[PDB]
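Since the structure comes first, as structure tokens, the remarks are kept for the end.
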Amino acid sequence: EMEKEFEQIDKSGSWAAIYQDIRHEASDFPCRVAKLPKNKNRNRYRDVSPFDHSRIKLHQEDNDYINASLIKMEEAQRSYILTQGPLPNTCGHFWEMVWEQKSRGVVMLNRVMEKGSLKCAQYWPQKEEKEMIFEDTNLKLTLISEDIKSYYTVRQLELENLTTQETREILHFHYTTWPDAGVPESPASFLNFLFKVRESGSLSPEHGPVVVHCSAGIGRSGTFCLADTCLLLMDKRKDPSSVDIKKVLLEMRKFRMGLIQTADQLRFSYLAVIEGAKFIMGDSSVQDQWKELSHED
Ligand code: VO4
């Protein structure tokens with residue numbers, strides 16, 4: 001029972017030692033492509049790279065590299081693409097990946113400006129009447145509508161392949177009050193946001209993997225994916241005790257380094273999963289309580 005593991009960890013004040021245990025047990029795979037000199041300007045952080053075995057390949061011939069990893073959780077039956085905040089020169093790469101991987105949703109967990117600095121490019125149009133065209137990858141992107149809440153915003157985007165003129169609708173879920181190296185305000189407001197992503201169809205198996213990013217694509221992105229997979233696994237049987245959150249994290253770091261970046265984020269994940277167990281185990285009323293507790297209006 002992760003409730004007992006949680007209480008035992010809290011009581012001994014062992015969150016930092018436990019978190020360092022995961023870091024030292026974590027997979028270590030080569031990132032040879034990411035480090036090729038020609039890819040220097042494609043990485044936002046020197047110390048954050050996708051493993052070669054799980055990196056997302058662009059379907060282009062010039063250079064197929066992007067800082068993005070496929071997290072394939074076989075037992076949970078869910079896939080995610082975790083990526084960094086697009087750079088001014090990789091916004092076309094980012095949308096090409098979205099197109100080629102057939103994703104329906106993009107979860108953005110950071111602000112463009114955080115802590116006084118630019119953590120991500122403005123890679124989607126802020127105004128309906130000012131579409132964006134990415135000429136390197138021949139893609140058109142239009143803001144179709146926005147639904148602005150108090151701590152997150154949902155956008156409907158139209159992505160057009162300017163070569164084939166096929167169009168796709170993309171849902172953008174922008175969490176705007178989750179600080180870098182930090183935790184959400186509350187389990188309830190994190191879960192409320194997670195379930196709004198789930199309710200959108202963006203995580204259906206009829207779609208390509210949802211794209212999840214923050215600035216580096218590891219810390220907040222890791223927290224979001226870990227909690228989601230844990231709740232899905234618990235959903236599959238109806239057996240909370242079946243879910244080893246630390247083993248799930250380690251399995252995830254087989255596909256991308258550094259997932260979950262502080263010990264308080266690991267502790268938050270437990271709380272989110274424990275609270276989320278109420279809904280998975282039969283209490284649907286808890287969804288509306290999260291929404292109310294979130295003050296999203
Ligand atoms: O932009 V993150 O530091 O939460 O990987």
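All residue names refer to the structure tokens as shown: chains lettered A, B, ... in order, residues numbered from 1 in each chain, ligands numbered from 1 in order.
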Go through chain A and flag each residue having an atom no more than 9 Å from ligand 1; for those, report the closest pair of atoms plus their distance in Å to one decimal, using only C-alpha atoms and all ligand atoms, ordered by chain and rising number, as a Markdown table.
| residue | atom | partner | partner_atom_place_in_ligand_line | distance |
| --- | --- | --- | --- | --- |
| A:48 | CA | ligand 1 | 5 (O) | 8.6 |
| A:83 | CA | ligand 1 | 5 (O) | 8.7 |
| A:84 | CA | ligand 1 | 1 (O) | 7.1 |
| A:85 | CA | ligand 1 | 1 (O) | 7.2 |
| A:109 | CA | ligand 1 | 4 (O) | 7.3 |
| A:110 | CA | ligand 1 | 1 (O) | 6.3 |
| A:119 | CA | ligand 1 | 1 (O) | 7.5 |
| A:120 | CA | ligand 1 | 1 (O) | 8.8 |
| A:178 | CA | ligand 1 | 4 (O) | 8.4 |
| A:179 | CA | ligand 1 | 4 (O) | 7.7 |
| A:180 | CA | ligand 1 | 4 (O) | 5.1 |
| A:181 | CA | ligand 1 | 3 (O) | 5.6 |
| A:182 | CA | ligand 1 | 4 (O) | 7.5 |
| A:213 | CA | ligand 1 | 1 (O) | 7.0 |
| A:214 | CA | ligand 1 | 1 (O) | 3.8 |
| A:215 | CA | ligand 1 | 1 (O) | 3.1 |
| A:216 | CA | ligand 1 | 5 (O) | 3.8 |
| A:217 | CA | ligand 1 | 5 (O) | 3.9 |
| A:218 | CA | ligand 1 | 5 (O) | 3.3 |
| A:219 | CA | ligand 1 | 4 (O) | 3.5 |
| A:220 | CA | ligand 1 | 4 (O) | 3.5 |
| A:221 | CA | ligand 1 | 4 (O) | 5.8 |
| A:222 | CA | ligand 1 | 5 (O) | 7.3 |
| A:223 | CA | ligand 1 | 4 (O) | 8.2 |
| A:258 | CA | ligand 1 | 5 (O) | 7.9 |
| A:259 | CA | ligand 1 | 5 (O) | 7.3 |
| A:260 | CA | ligand 1 | 5 (O) | 7.5 |
| A:261 | CA | ligand 1 | 3 (O) | 6.9 |
Could you save those same residues with N, CA, C and O atoms as an mmCIF file, in the first residue's frame?
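Resulting contents of result21.cif:
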data_model
loop_
_atom_site.group_PDB
_atom_site.id
_atom_site.type_symbol
_atom_site.label_atom_id
_atom_site.label_comp_id
_atom_site.auth_asym_id
_atom_site.auth_seq_id
_atom_site.Cartn_x
_atom_site.Cartn_y
_atom_site.Cartn_z
ATOM 1 N N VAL A 48 20.260 17.697 -20.702
ATOM 2 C CA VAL A 48 18.978 17.016 -20.896
ATOM 3 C C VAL A 48 18.888 16.600 -22.355
ATOM 4 O O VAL A 48 18.690 17.447 -23.245
ATOM 5 N N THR A 83 9.026 16.061 -24.409
ATOM 6 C CA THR A 83 9.962 16.862 -25.174
ATOM 7 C C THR A 83 10.271 18.143 -24.399
ATOM 8 O O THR A 83 9.592 18.492 -23.428
ATOM 9 N N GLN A 84 11.328 18.831 -24.821
ATOM 10 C CA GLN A 84 11.699 20.119 -24.243
ATOM 11 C C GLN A 84 10.804 21.226 -24.803
ATOM 12 O O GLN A 84 10.115 21.056 -25.816
ATOM 13 N N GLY A 85 10.838 22.384 -24.149
ATOM 14 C CA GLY A 85 10.211 23.566 -24.693
ATOM 15 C C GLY A 85 10.857 23.933 -26.021
ATOM 16 O O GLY A 85 12.075 24.107 -26.099
ATOM 17 N N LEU A 109 3.263 22.431 -19.572
ATOM 18 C CA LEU A 109 3.255 22.529 -18.114
ATOM 19 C C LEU A 109 4.009 23.744 -17.590
ATOM 20 O O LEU A 109 4.135 23.907 -16.370
ATOM 21 N N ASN A 110 4.474 24.619 -18.479
ATOM 22 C CA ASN A 110 5.325 25.747 -18.149
ATOM 23 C C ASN A 110 4.779 27.008 -18.806
ATOM 24 O O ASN A 110 3.968 26.954 -19.730
ATOM 25 N N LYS A 119 11.783 30.353 -21.156
ATOM 26 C CA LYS A 119 11.911 28.920 -20.980
ATOM 27 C C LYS A 119 11.414 28.126 -22.175
ATOM 28 O O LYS A 119 11.625 26.903 -22.212
ATOM 29 N N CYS A 120 10.773 28.782 -23.143
ATOM 30 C CA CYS A 120 10.131 28.094 -24.250
ATOM 31 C C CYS A 120 9.799 29.129 -25.315
ATOM 32 O O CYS A 120 9.497 30.277 -24.987
ATOM 33 N N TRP A 178 2.220 26.093 -12.529
ATOM 34 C CA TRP A 178 3.069 25.022 -12.011
ATOM 35 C C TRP A 178 4.515 25.499 -12.107
ATOM 36 O O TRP A 178 5.087 25.545 -13.210
ATOM 37 N N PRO A 179 5.135 25.904 -10.999
ATOM 38 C CA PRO A 179 6.482 26.487 -11.074
ATOM 39 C C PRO A 179 7.555 25.456 -11.392
ATOM 40 O O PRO A 179 7.498 24.306 -10.942
ATOM 41 N N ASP A 180 8.561 25.904 -12.151
ATOM 42 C CA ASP A 180 9.748 25.091 -12.437
ATOM 43 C C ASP A 180 10.408 24.599 -11.152
ATOM 44 O O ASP A 180 10.566 25.353 -10.187
ATOM 45 N N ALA A 181 10.803 23.327 -11.153
ATOM 46 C CA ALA A 181 11.355 22.643 -9.984
ATOM 47 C C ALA A 181 10.369 22.627 -8.817
ATOM 48 O O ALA A 181 10.767 22.441 -7.663
ATOM 49 N N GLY A 182 9.079 22.826 -9.101
ATOM 50 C CA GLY A 182 8.066 22.929 -8.061
ATOM 51 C C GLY A 182 6.888 21.987 -8.237
ATOM 52 O O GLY A 182 6.922 21.087 -9.081
ATOM 53 N N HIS A 213 5.316 18.477 -22.490
ATOM 54 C CA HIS A 213 6.564 19.196 -22.339
ATOM 55 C C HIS A 213 6.440 20.235 -21.236
ATOM 56 O O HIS A 213 5.347 20.668 -20.848
ATOM 57 N N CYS A 214 7.593 20.603 -20.710
ATOM 58 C CA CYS A 214 7.703 21.817 -19.930
ATOM 59 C C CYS A 214 8.870 22.549 -20.555
ATOM 60 O O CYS A 214 8.927 22.643 -21.783
ATOM 61 N N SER A 215 9.824 23.023 -19.768
ATOM 62 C CA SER A 215 10.997 23.617 -20.407
ATOM 63 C C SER A 215 12.056 22.564 -20.763
ATOM 64 O O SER A 215 12.494 22.484 -21.915
ATOM 65 N N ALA A 216 12.479 21.744 -19.802
ATOM 66 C CA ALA A 216 13.390 20.655 -20.133
ATOM 67 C C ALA A 216 12.669 19.385 -20.594
ATOM 68 O O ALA A 216 13.290 18.517 -21.240
ATOM 69 N N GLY A 217 11.382 19.253 -20.273
ATOM 70 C CA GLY A 217 10.671 18.037 -20.592
ATOM 71 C C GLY A 217 10.948 16.865 -19.664
ATOM 72 O O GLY A 217 10.756 15.707 -20.069
ATOM 73 N N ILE A 218 11.364 17.116 -18.414
ATOM 74 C CA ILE A 218 11.660 15.995 -17.514
ATOM 75 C C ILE A 218 10.990 16.121 -16.142
ATOM 76 O O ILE A 218 10.453 15.136 -15.625
ATOM 77 N N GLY A 219 11.014 17.305 -15.528
ATOM 78 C CA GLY A 219 10.544 17.416 -14.152
ATOM 79 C C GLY A 219 9.038 17.459 -13.941
ATOM 80 O O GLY A 219 8.463 16.526 -13.354
ATOM 81 N N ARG A 220 8.388 18.553 -14.386
ATOM 82 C CA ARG A 220 6.927 18.613 -14.329
ATOM 83 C C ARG A 220 6.303 17.597 -15.289
ATOM 84 O O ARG A 220 5.292 16.954 -14.965
ATOM 85 N N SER A 221 6.897 17.457 -16.480
ATOM 86 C CA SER A 221 6.442 16.470 -17.447
ATOM 87 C C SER A 221 6.479 15.076 -16.847
ATOM 88 O O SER A 221 5.557 14.272 -17.047
ATOM 89 N N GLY A 222 7.535 14.776 -16.089
ATOM 90 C CA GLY A 222 7.634 13.468 -15.477
ATOM 91 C C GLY A 222 6.573 13.266 -14.416
ATOM 92 O O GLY A 222 6.011 12.175 -14.284
ATOM 93 N N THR A 223 6.281 14.317 -13.647
ATOM 94 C CA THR A 223 5.287 14.187 -12.593
ATOM 95 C C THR A 223 3.927 13.874 -13.186
ATOM 96 O O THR A 223 3.205 13.008 -12.684
ATOM 97 N N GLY A 258 16.037 11.661 -16.044
ATOM 98 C CA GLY A 258 15.698 12.740 -15.131
ATOM 99 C C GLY A 258 14.229 12.960 -14.827
ATOM 100 O O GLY A 258 13.897 13.954 -14.169
ATOM 101 N N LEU A 259 13.344 12.057 -15.255
ATOM 102 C CA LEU A 259 11.918 12.239 -15.029
ATOM 103 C C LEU A 259 11.654 12.437 -13.545
ATOM 104 O O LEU A 259 12.051 11.606 -12.722
ATOM 105 N N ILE A 260 10.977 13.548 -13.217
ATOM 106 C CA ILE A 260 10.774 14.017 -11.844
ATOM 107 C C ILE A 260 12.113 14.509 -11.290
ATOM 108 O O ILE A 260 13.097 13.757 -11.201
ATOM 109 N N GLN A 261 12.164 15.792 -10.934
ATOM 110 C CA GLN A 261 13.432 16.485 -10.789
ATOM 111 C C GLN A 261 13.797 16.836 -9.359
ATOM 112 O O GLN A 261 14.944 17.231 -9.129
#
Q: List every residue of region 100-167 of chain A that DSSP, applied to the backbone, labels as strand (DSSP E), and write the result as number ranges by chain.
A: A: 105-108, 113-114, 117-118, 132-134, 139-148, 152-161, 167
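For the choices A:269, A:177, A:39, A:165, the atom-to-atom distance to residue 228 (chain A) is smallest for A:269 when using only C-alpha atoms.
The coordinates place CA of residue 97 (chain A) at 16.8 Å from CA of residue 53 (chain A).
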**Q.** Long-range neighbours of region 193-202 of chain A as an MDAnalysis selection string, 10 Å cut-off, only C-alpha atoms, 5 positions minimum in chain
**A.** chainID A and resid 103:107 151:154 170:175 187:188 207:211 224:225 227:228 276 287 290:291 294 296
Selection above as a file: N, CA and C atoms, as a CSV table (one decimal), in the first residue's frame:
chain,number,residue,atom,x,y,z
A,103,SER,N,-0.4,12.9,-33.0
A,103,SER,CA,-0.9,13.2,-31.7
A,103,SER,C,-2.1,14.1,-31.8
A,104,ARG,N,-3.0,14.0,-30.8
A,104,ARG,CA,-4.2,14.8,-30.8
A,104,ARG,C,-4.0,15.9,-29.7
A,105,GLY,N,-3.2,15.7,-28.7
A,105,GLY,CA,-3.1,16.6,-27.6
A,105,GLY,C,-1.7,17.0,-27.3
A,106,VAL,N,-1.5,18.2,-26.9
A,106,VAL,CA,-0.2,18.7,-26.4
A,106,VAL,C,-0.4,19.3,-25.0
A,107,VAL,N,0.3,18.7,-24.0
A,107,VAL,CA,0.2,19.2,-22.6
A,107,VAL,C,1.4,20.1,-22.4
A,151,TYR,N,-6.1,28.9,-13.8
A,151,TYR,CA,-4.7,28.4,-13.6
A,151,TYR,C,-4.3,27.5,-14.8
A,152,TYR,N,-5.2,27.4,-15.8
A,152,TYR,CA,-4.9,26.6,-17.0
A,152,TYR,C,-5.7,27.2,-18.1
A,153,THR,N,-5.3,27.0,-19.4
A,153,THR,CA,-6.0,27.4,-20.5
A,153,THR,C,-6.0,26.2,-21.5
A,154,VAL,N,-7.2,26.0,-22.2
A,154,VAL,CA,-7.3,25.0,-23.2
A,154,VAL,C,-7.6,25.7,-24.6
A,170,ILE,N,-5.9,20.0,-33.0
A,170,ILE,CA,-5.0,19.7,-31.9
A,170,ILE,C,-5.5,20.5,-30.7
A,171,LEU,N,-5.6,19.7,-29.6
A,171,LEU,CA,-6.0,20.4,-28.3
A,171,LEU,C,-4.7,20.7,-27.5
A,172,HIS,N,-4.6,21.9,-27.1
A,172,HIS,CA,-3.5,22.4,-26.3
A,172,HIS,C,-3.9,22.7,-24.9
A,173,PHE,N,-3.3,21.9,-23.9
A,173,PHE,CA,-3.7,22.1,-22.5
A,173,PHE,C,-2.5,22.8,-21.8
A,174,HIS,N,-2.7,24.0,-21.4
A,174,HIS,CA,-1.7,24.8,-20.9
A,174,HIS,C,-1.9,25.1,-19.4
A,175,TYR,N,-1.1,24.4,-18.6
A,175,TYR,CA,-1.0,24.6,-17.1
A,175,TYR,C,-0.1,25.8,-16.8
A,187,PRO,N,-3.1,18.6,-4.9
A,187,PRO,CA,-3.6,17.4,-5.6
A,187,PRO,C,-4.8,17.7,-6.4
A,188,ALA,N,-5.8,18.3,-5.8
A,188,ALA,CA,-7.1,18.5,-6.5
A,188,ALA,C,-7.0,19.3,-7.8
A,207,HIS,N,-5.5,7.7,-31.2
A,207,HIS,CA,-4.6,8.8,-31.5
A,207,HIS,C,-3.2,8.4,-31.3
A,208,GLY,N,-2.3,9.2,-31.9
A,208,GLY,CA,-0.9,9.1,-31.6
A,208,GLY,C,-0.6,9.5,-30.1
A,209,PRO,N,0.6,9.3,-29.6
A,209,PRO,CA,0.9,9.6,-28.2
A,209,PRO,C,0.8,11.1,-28.0
A,210,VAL,N,0.1,11.5,-26.8
A,210,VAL,CA,0.1,12.9,-26.4
A,210,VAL,C,1.5,13.4,-26.3
A,211,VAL,N,1.7,14.6,-26.6
A,211,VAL,CA,3.0,15.3,-26.4
A,211,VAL,C,2.9,16.0,-25.0
A,224,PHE,N,3.6,14.6,-14.3
A,224,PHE,CA,2.3,14.4,-14.9
A,224,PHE,C,2.1,13.0,-15.5
A,225,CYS,N,3.1,12.5,-16.2
A,225,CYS,CA,3.0,11.2,-16.8
A,225,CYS,C,3.0,10.1,-15.7
A,227,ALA,N,2.0,10.1,-12.5
A,227,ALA,CA,0.7,10.0,-11.9
A,227,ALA,C,-0.4,9.4,-12.8
A,228,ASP,N,-0.3,9.8,-14.1
A,228,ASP,CA,-1.3,9.3,-15.0
A,228,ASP,C,-1.2,7.8,-15.2
A,276,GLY,N,-6.1,10.4,-6.3
A,276,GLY,CA,-6.8,9.9,-7.5
A,276,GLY,C,-7.4,8.5,-7.3
A,287,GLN,N,-14.5,13.8,-8.5
A,287,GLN,CA,-14.2,14.6,-9.7
A,287,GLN,C,-14.7,16.1,-9.5
A,290,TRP,N,-12.8,17.9,-6.8
A,290,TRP,CA,-11.6,18.5,-7.3
A,290,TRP,C,-11.8,19.7,-8.0
A,291,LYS,N,-12.8,19.7,-9.0
A,291,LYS,CA,-13.1,20.9,-9.7
A,291,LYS,C,-13.4,22.1,-8.8
A,294,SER,N,-10.6,23.4,-7.0
A,294,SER,CA,-9.6,24.0,-7.9
A,294,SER,C,-9.8,25.5,-8.2
A,296,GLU,N,-11.4,26.9,-10.6
A,296,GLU,CA,-10.9,27.2,-12.0
A,296,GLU,C,-11.6,28.4,-12.7
Q | Spatial neighbours of residue 139 (chain A), max dist 7 Å, only C-alpha atoms, sep filter under 2 positions, as a ChimeraX atom specification | A | /A:133-135,137,141,159-162
Filtering to C-alpha atoms, could you give me those residues as an mmCIF file, in the first residue's frame?
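File part23.cif, as written:
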data_model
loop_
_atom_site.group_PDB
_atom_site.id
_atom_site.type_symbol
_atom_site.label_atom_id
_atom_site.label_comp_id
_atom_site.auth_asym_id
_atom_site.auth_seq_id
_atom_site.Cartn_x
_atom_site.Cartn_y
_atom_site.Cartn_z
ATOM 1 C CA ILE A 133 3.438 29.203 -40.881
ATOM 2 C CA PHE A 134 6.506 27.052 -40.291
ATOM 3 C CA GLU A 135 8.271 27.265 -43.628
ATOM 4 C CA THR A 137 8.461 21.986 -42.321
ATOM 5 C CA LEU A 141 -1.122 26.467 -37.440
ATOM 6 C CA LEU A 159 -2.677 22.123 -37.906
ATOM 7 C CA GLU A 160 -2.476 21.987 -41.699
ATOM 8 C CA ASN A 161 0.069 20.064 -43.719
ATOM 9 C CA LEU A 162 0.669 22.619 -46.477
#
Q) Per DSSP on the backbone, what are the helix (DSSP H, G or I) residues of region 96-286 of chain A, as an MDAnalysis selection string? A) chainID A and resid 96:101 187:199 219:236 240:242 245:252 263:280 285:286
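Among A:65, A:233, A:14, A:5, the residue with the shortest atom-to-atom distance to residue 31 (chain A), counting only C-alpha atoms, is A:65.
With only C-alpha atoms as the atoms that count, the residue of A:148, A:101, A:92, A:266 with the shortest distance to residue 132 (chain A) is A:92.
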Q | Exercise: residue 234 (chain A) partners within 8 Å, only C-alpha atoms, chain neighbours under 6 positions left out, as a PyMOL selection string | A | chain A and resi 240+242-243+277+280
